[PDB]
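All remarks here apply to the structure that follows.
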Amino acid sequence: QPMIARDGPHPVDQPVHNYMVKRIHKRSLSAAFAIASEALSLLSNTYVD
Amino acid sequence: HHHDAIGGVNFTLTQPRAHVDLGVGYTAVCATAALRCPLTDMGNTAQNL
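Protein chains in written order, with the entry's author numbering: chain E, 113 to 161; chain D, 1100 to 1148.
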């Protein structure tokens, strides 16, 4: 931070350095996808059809 | 100026300066322009003697 100069019977000020630490916050995303039983029976041929 | 402190030493940098108003009449005019919120209460606190 900056600092100003003043006279008189005020205590003399010194500059102040500030240190700050933040941290992450974990979230997620979820979505679904379905396959019918007949499609699974059809796609599990592997060269018999 | 040099003196010790609770951590280390303190350097006090001072500078003397002087000002003269070399105007014959009045060379600065101020006036109250706006109004902010009142600091005090307009209550009923009777003074106790």
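Ideal Cβ positions, reconstructed from N, Cα and C, are used throughout, including at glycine.
Q) Got a sec, what are the start and stop residues for the alpha helix (DSSP H) residue 149/E sits in? A) 149-155
Q: Note down, in chain order, every chain D residue with its Cβ under 7 Å from the Cβ of residue 124/E.
A: 1111
Q. From residue 144/E to residue 155/E, what distance separates their C-alpha atoms?
A. 20 Å
**Q.** Given residue 115/E as reference, the closest of 128/E, 152/E, 151/E, 121/E once Cα atoms are compared
**A.** 128/E
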